[PDB]
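Inspection log for the structure reproduced underneath, given as structure tokens.
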Amino acid sequence: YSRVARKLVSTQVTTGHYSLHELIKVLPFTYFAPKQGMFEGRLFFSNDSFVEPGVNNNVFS
Amino acid sequence: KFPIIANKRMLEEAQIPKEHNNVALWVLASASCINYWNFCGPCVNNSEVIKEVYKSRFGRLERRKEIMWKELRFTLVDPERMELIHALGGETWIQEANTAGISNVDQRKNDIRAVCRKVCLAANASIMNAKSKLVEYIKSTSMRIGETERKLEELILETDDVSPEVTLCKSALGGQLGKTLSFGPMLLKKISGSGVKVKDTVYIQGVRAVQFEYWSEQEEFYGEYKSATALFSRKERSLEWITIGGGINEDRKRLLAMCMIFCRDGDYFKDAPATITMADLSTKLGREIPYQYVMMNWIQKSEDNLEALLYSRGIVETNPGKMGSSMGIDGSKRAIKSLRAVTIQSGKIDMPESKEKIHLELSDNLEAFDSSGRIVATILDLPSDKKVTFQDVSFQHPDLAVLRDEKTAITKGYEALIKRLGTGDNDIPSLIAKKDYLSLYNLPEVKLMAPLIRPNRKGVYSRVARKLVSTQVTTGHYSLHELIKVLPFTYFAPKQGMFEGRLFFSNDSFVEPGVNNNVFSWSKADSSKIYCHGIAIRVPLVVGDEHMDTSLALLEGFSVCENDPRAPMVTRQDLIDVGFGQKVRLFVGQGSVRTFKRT
Amino acid sequence: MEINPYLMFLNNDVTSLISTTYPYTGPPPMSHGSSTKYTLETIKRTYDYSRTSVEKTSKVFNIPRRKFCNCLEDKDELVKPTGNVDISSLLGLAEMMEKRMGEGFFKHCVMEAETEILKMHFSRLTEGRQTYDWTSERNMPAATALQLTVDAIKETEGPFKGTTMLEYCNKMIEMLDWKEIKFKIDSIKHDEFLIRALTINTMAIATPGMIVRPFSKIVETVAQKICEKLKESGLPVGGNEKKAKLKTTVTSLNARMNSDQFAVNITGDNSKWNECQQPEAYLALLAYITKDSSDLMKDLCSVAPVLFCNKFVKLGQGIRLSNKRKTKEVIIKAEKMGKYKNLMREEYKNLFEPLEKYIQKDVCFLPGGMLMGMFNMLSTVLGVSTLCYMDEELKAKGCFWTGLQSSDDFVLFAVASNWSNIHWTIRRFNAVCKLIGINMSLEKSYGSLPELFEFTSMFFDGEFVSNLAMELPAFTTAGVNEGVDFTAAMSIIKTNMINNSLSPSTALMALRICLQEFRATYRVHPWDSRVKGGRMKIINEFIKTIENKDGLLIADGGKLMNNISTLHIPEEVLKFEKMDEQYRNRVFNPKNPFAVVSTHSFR
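Residue numbers (the authors' numbering), protein chains in the order written: chain CP1, 615 to 675; chain FP1, 58 to 83, 95 to 146, 233 to 753; chain EP1, 1 to 184, 211 to 229, 242 to 632, 655 to 663.
Next up, the structure:
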């Protein structure tokens, strides 16, 4: 998850065309080190509650 | 709520408590009360009284159980049974189920004619060794005909049943004939006249041309089709007159069309339909075909072709006094308008008999000749190859039967996997107890079964199977059944992808772990058996606990746990994003749910 | 692209695809409301099809009585339906039919019907679709109104101890003369009770009371005993026997005529078969029938006819009023529509004034016609009489006819040797039919060469006889028990298979559908299913106590074991030896608080 988050951030930051409502959502995952794996599309916490980068859900809308 | 009425003393004497488990049951009462009464209530022994009272119904059941079910057949029309006529015979179909009578002769005739057709077809695979391969097939084919284990070199002769196949196979034996002919499924015979062969041409698409042969003289014959007699005379590529005595629409139509082709009457022997130009293939895979059989095949495709052929034959308006003996386009007995040179009547035309036996000569294409040409039979007048199960038969010479199918291939692969066990070193249990699973991924049997695997996504199947195998071996918890089920996939290399829950072969079939299926099924209390399309197979060993541990044969990186409804239902995909100590429910089949926990 | 579902009729037959044209059998959602408008139109068309204007005031009601029989007038425009019957021609046709069949034919049939009736119990009348109560003034099953009538007889003039049809009929007769009659409490006078007994309600299929019921049953029994000996009578039964009759007729025809003739078939559909059948002709016919027999039957058969010659018809729900904006809406009954005629629209007015004469309080004194689906056997007999006609005018021309006739549908077979004499024969037949009210439609009756025709949805052809009378059960409307409704459905499917209206795969699909309908009706499911319903709760716990799951009953988390060859066999008989002895004896325990006698009944 960290990899994906950092990726998105750079893409938004390098240009200037960013959405402030997505960084505030994905930042908490960028603390760890990137790795390799298949990103299904969701970002889970430790309590079986996730947020999705681009669509609103009960946890972040 | 309690619409159903009841008795009162009958209730207390049976001690039926209300709201047993929050179900009132009740003077009045509910319906569940009946359930509670038949599941926990008084016990009687009155079976004999019930049977005696309902003797008629139970005797009907007994009679039903006293049946020997037979085959069924599609066809038309040319007390103890009244209780079942509904299920015995309709109008398009019928079942020959019998009660006490037995006589196995006509079924034997059907079997022998079918196998003769089969063998004569099998001989149609070369261009030079026709007669040789044919006779060798015959000599290499034995049968448990009826009750006697006889060979197929004397039945063809001892029997007396005219047919294209009987004759086509007996001519090679120098056997006697009956002067009968066979132009397709129809049966013909000569009455008078004679002629000689003559050639003529016919166009296709209006540009090309092809040669056919016929007779120029006058000659009368006796045609015959299913439930249809006839008589006619052919003269100079055209039909002069004809009469019929068997009244049916389809039978008469087809018989007339076949006799017309036999007389080559009509303009479609000058030019051809626009349908033939679609092919122009008067040829087999590597052989030639005449024009008559091509036309016939064009008839078999649709009845519109038959109607077109019949329109080619002149249609006119019937005159008085002839309606009774006229015909119609649809086989109608009488009509204001009919066809030229036709005559309908009642009563089947008595067929003549020829008491003169002869012998013919086979050709490269197996066509038999008695004299002055006059082909009597051939393969062209046969149906297409139709696979049919043969029993009471022995066929030894190669080409006897392919006997190779994906199903049988899988069956043999699994038989080999089972036998490999062999209760010895360098076999399944020794490698298991040794925890050497990698060698399992290199055995010969998996290599033989590999071609039966779906190639496009075999890597993921192998990955998953290699996961299950290792996770069940290392820990020591396993089940030989599911292992053997998934082993054939642990040959190729693993790869990344999306798995769904099924392992697909190349024949569009599939297999699934933790469940049973026609191709592979098993159950406890009979673990020494393994069904394959219902075929029970045996295990060379015995086990009482090696199978009881299937906690790891359902999923890859999970293990079953105690049931818990609070746990949320999930799919096979989101599993990747689960953690530890996190139970999850999931379907393991049809309406079969189970709880799982990682590791 | 354009999907035209109909292009499959070109290169195929019609006997194989016609079924796709009509929806599947069942209770239709159309639900037409019999109300004042339709009934009045019916009565008007009835009085109109009577081509006369004569009348005769009665003495029991002081009301006119349009006598539309043997008084034909207004010959103009005879194409349309007619109802004036001629007795001479009727009796002549009856005599022809008698001569053909035999002399002691009617006598034998009436004797059989009599003897059959003698040993009959009046309780049989409880077997009926529905009736009309003469006390509550409503529609109900036969048993309810029968109990009402008997208990009213008890309350008023003591019980009825006959326990037989004849005593019941004589008791009704006597009651026709009683001046006062009681019932739970209130009583009534002679005239009112008479009216009520001669009342009818529209369900506009009729729904008569109970007084006339037994006489109608007797007449129908006689007509049935008669229709059996008739070759051209497909009413009493259908299917296998019907096809046998068809083919027998066709073969006899083919073997009868010569090579010079050419035949033709006709698909006919009698129109207004209920608004042109008169009970007066039926009475004269029954008289001619019983002419030589016990006077008992002579008088008996003459009861229902006269009871139908005087039949008051209950007008449906009255009209309603309303203001412009529709904020207010008044409701009035039928008896008072003659009080506000000045308000109703013209079309509703012109349909009401000419009939006000025949109204008494709220009904219309219909002096004839035949609205009920009754006397169908008798109408069929009359049709067969029509078909058995032959004279010398035809013989001279070398022509004749024959065919088959249902209640209001028939099939004709004409014979001739010219493409014109056929028309003359058809016109002769239509004339003889109209002479006695039997008419025919023109927008729904066609004809063609002998090969193709239709009869009672059985589309006959040169071959491939196709049926379309696929019936089915219905649990929600008729709920009885959890041990009978499945066996009855199996028997029904078996029957449908016999009549060739069903095929093996079709029967299996219908079976697997009716099983699910049954389960959903009684709110039951198997054990494998993960259901949480009430009845399942206990079944979800007392199930592990058994092993013979196959022997379990459908009503108790069971599974099917019957099939095509095991329909006549109930599932019980099929699972007896298989049910765990415990469950078995627990079901067949006659010492319980409650065809095969199970412990599954819903009294």
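All C-beta atoms, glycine included, are put in the ideal place defined by N, C-alpha and C.
DSSP three-state assignment for residue i, whether helix, strand or coil
{"i": "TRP452 (chain FP1)", "result": "helix"}
{"i": "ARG358 (chain EP1)", "result": "strand"}
{"i": "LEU72 (chain EP1)", "result": "coil"}
{"i": "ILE402 (chain FP1)", "result": "coil"}
{"i": "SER548 (chain FP1)", "result": "strand"}
{"i": "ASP330 (chain EP1)", "result": "coil"}
{"i": "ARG739 (chain FP1)", "result": "strand"}
{"i": "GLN365 (chain FP1)", "result": "strand"}
{"i": "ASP151 (chain EP1)", "result": "helix"}
{"i": "residue 91 (chain FP1)", "result": "Within chain FP1, the sequence of modelled residues goes 83 then 95, so residue 91 (chain FP1) has no position in this structure."}
{"i": "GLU515 (chain FP1)", "result": "strand"}
{"i": "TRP105 (chain FP1)", "result": "helix"}
{"i": "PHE126 (chain FP1)", "result": "helix"}
{"i": "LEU534 (chain FP1)", "result": "coil"}
{"i": "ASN139 (chain EP1)", "result": "strand"}
Per DSSP, cross-strand counterpart(s) of residue i
{"i": "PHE712 (chain FP1)", "result": "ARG752 (chain FP1)"}
{"i": "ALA71 (chain FP1)", "result": "For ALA71 (chain FP1), which the question treats as bridged, DSSP gives no partner whatsoever."}
{"i": "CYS686 (chain FP1)", "result": "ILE689 (chain FP1)"}
{"i": "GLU442 (chain FP1)", "result": "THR437 (chain FP1)"}
{"i": "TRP247 (chain FP1)", "result": "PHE142 (chain FP1)"}
{"i": "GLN443 (chain EP1)", "result": "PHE448 (chain EP1)"}
{"i": "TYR615 (chain FP1)", "result": "Answer by DSSP bridge pairing: none, since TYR615 (chain FP1) is not bridged."}
{"i": "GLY347 (chain FP1)", "result": "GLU373 (chain FP1)"}
Residue i, buried or exposed, once every other Cβ within 10 Å from all chains shown has been counted against 16
{"i": "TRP452 (chain FP1)", "result": "buried"}
{"i": "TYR357 (chain FP1)", "result": "exposed"}
{"i": "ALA469 (chain EP1)", "result": "exposed"}
{"i": "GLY360 (chain FP1)", "result": "exposed"}
{"i": "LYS472 (chain EP1)", "result": "buried"}
{"i": "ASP446 (chain EP1)", "result": "buried"}
{"i": "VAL562 (chain EP1)", "result": "buried"}
{"i": "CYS111 (chain FP1)", "result": "exposed"}
{"i": "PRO317 (chain EP1)", "result": "buried"}
{"i": "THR15 (chain EP1)", "result": "buried"}
{"i": "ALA322 (chain EP1)", "result": "buried"}
{"i": "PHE9 (chain EP1)", "result": "exposed"}
{"i": "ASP419 (chain FP1)", "result": "buried"}
Residue i Cβ short of 8 Å to the ligand SAH heavy atom set
{"i": "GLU489 (chain EP1)", "result": "What this structure holds is no ligand at all, so the ligand SAH is not there to describe."}
From the options, residue whose alpha carbon lies closest to that of residue i
{"i": "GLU654 (chain FP1)", "options": "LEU634 (chain FP1), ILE684 (chain FP1), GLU710 (chain FP1), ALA647 (chain FP1)", "result": "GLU710 (chain FP1)"}
{"i": "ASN278 (chain EP1)", "options": "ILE398 (chain FP1), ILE345 (chain FP1), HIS240 (chain FP1)", "result": "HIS240 (chain FP1)"}
{"i": "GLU114 (chain EP1)", "options": "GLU430 (chain EP1), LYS263 (chain EP1), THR36 (chain EP1)", "result": "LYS263 (chain EP1)"}
{"i": "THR629 (chain FP1)", "options": "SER584 (chain FP1), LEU706 (chain FP1), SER286 (chain FP1), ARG528 (chain FP1)", "result": "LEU706 (chain FP1)"}
{"i": "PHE105 (chain EP1)", "options": "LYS267 (chain EP1), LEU146 (chain EP1), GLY354 (chain EP1), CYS339 (chain EP1)", "result": "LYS267 (chain EP1)"}
{"i": "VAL724 (chain FP1)", "options": "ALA690 (chain FP1), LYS353 (chain FP1), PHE741 (chain FP1)", "result": "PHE741 (chain FP1)"}
{"i": "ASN70 (chain EP1)", "options": "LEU91 (chain EP1), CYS426 (chain EP1), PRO64 (chain EP1)", "result": "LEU91 (chain EP1)"}
{"i": "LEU275 (chain FP1)", "options": "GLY735 (chain FP1), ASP535 (chain FP1), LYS573 (chain FP1)", "result": "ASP535 (chain FP1)"}
{"i": "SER624 (chain FP1)", "options": "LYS344 (chain FP1), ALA587 (chain FP1), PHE142 (chain FP1)", "result": "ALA587 (chain FP1)"}
{"i": "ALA555 (chain FP1)", "options": "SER486 (chain FP1), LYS540 (chain FP1), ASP590 (chain FP1), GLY567 (chain FP1)", "result": "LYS540 (chain FP1)"}
{"i": "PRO274 (chain EP1)", "options": "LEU334 (chain EP1), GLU167 (chain EP1), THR494 (chain EP1), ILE214 (chain EP1)", "result": "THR494 (chain EP1)"}
{"i": "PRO27 (chain EP1)", "options": "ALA548 (chain EP1), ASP337 (chain EP1), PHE183 (chain EP1), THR515 (chain EP1)", "result": "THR515 (chain EP1)"}
{"i": "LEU341 (chain FP1)", "options": "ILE61 (chain FP1), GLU312 (chain FP1), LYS353 (chain FP1), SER381 (chain FP1)", "result": "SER381 (chain FP1)"}
{"i": "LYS119 (chain EP1)", "options": "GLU127 (chain EP1), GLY158 (chain EP1), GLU167 (chain EP1), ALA142 (chain EP1)", "result": "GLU167 (chain EP1)"}
> Fully enclosed by the stretch 359-432 of chain EP1, which alpha helix (DSSP H) runs are 4 residues long or longer?
Replying inline: Considered as a whole, the stretch 359-432 of chain EP1 harbours 384-387, 391-394, 414-425 as its complete alpha helix (DSSP H) runs of no fewer than 4 residues, in chain order.
>> List, from N- to C-terminal side, the alpha helix (DSSP H) runs of 4 residues or more that fit wholly inside the stretch 18-68 of chain EP1.
In response: Assignment of alpha helix (DSSP H) within the stretch 18-68 of chain EP1, counting only whole runs of 4 or more residues, yields 36-49 in chain order.
>> So within the stretch 479-523 of chain FP1, which uninterrupted beta strand (DSSP E) runs reach at least 3 residues, ignoring any that extend past its ends?
In response: Runs found: 491-493.
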